[PDB]
Structures are given as C-alpha cells and as structure tokens.
C-alpha cells in the first residue's frame, strides 16, 4: 500500500509524509463554506490486491494557521461528516485494487463570526491529515501524513 499526491510526490510502503498544495476559493463570506477537496489531490493503491485487502482511516486531522484561527468546520470522509479538527478516528475505507484511486477526504470550513481580511495566507500550512492503513494479512499499521498548504490567500470580506 502506497500513496501519492496529484503531482506525483509519493509516500511508499510503510508510510511517511508529504506536502499537498491546494487551490482555495479566494473569497468566502461569513456564512459560506470553503471546500478543501483532497480527493483530487491524494491517491492510494493496494500492492497485493489478489491476496491482501487494505483498510484506511482518517486517524486524526488537525487545523493550523488561519484555518485554526478563523474557521470552524467538518471533514467528510467517504460520504460521512465528522468534526474538524477531529475528535475520533473514522471508519475504514477498503483499498482492494492496484489502481491508484482517490482518498475520499474533504474539509468543509466556514468562517467564524469575527473573521475578516486575509483569513488564510498563501503558502501557509492549513491542516495535517493522518491516513492510517492496516490490512487483513499482518500486523502492519502505517501512517501517511499529509501536510496541507494553501496555494493562495482566502479573504473573508468585511
């Protein structure tokens, strides 16, 4: 089991870390949602699918920088919504193919009432998401750590 970003940066068998760089809606008013769809940015596959099935959770997700200070939100994982920053590990998604396929994670963030101006600075760290992978074959328990960075400013108008 291994993963990569949309630009080909890989995390190999056994886990590791990588940076993910995301475009963000540039203007989000209070009351609107900023969507950070990682399913178009992070892909994974199973390396021995005829014998092994891989099980993948979002173990935990943390907010940083302007997301931590200026937004509240949820994380949607494979169709179900949870608090973000996270308060539990999600259920499993099954990876049963050698085809790289999306990791089905998206953040839904909305500004706090006091937010205004540049609420997320371009280039800044906005989140760290831990993908946790186990299987039905051995005791493997690996983390793929995704450090999520903004490619552009997000403004909450005043």
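Residue numbers count along the first chain shown, from 1.
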| query | finding |
| --- | --- |
| Residue stretch of maximal mean CA temperature factor, 115-123 vs 49-57 | 115-123 |
| 128-136 set against 106-114, stretch whose average Cα temperature factor tops the other in the entry | 106-114 |
| Which of 41, 90, 69, 62 ranks first by CA B-factor in the deposited coordinates | 69 |
| Cα B factor band for residue 3 (lowest, middle or highest third within the chain) | middle |
| Cα B factor band for residue 94 (lowest, middle or highest third within the chain) | lowest |
| For residue 13, the third of its chain into which the C-alpha B factor falls | lowest |
| Residue 24 - Cα temperature factor, lowest/middle/highest third of chain | highest |
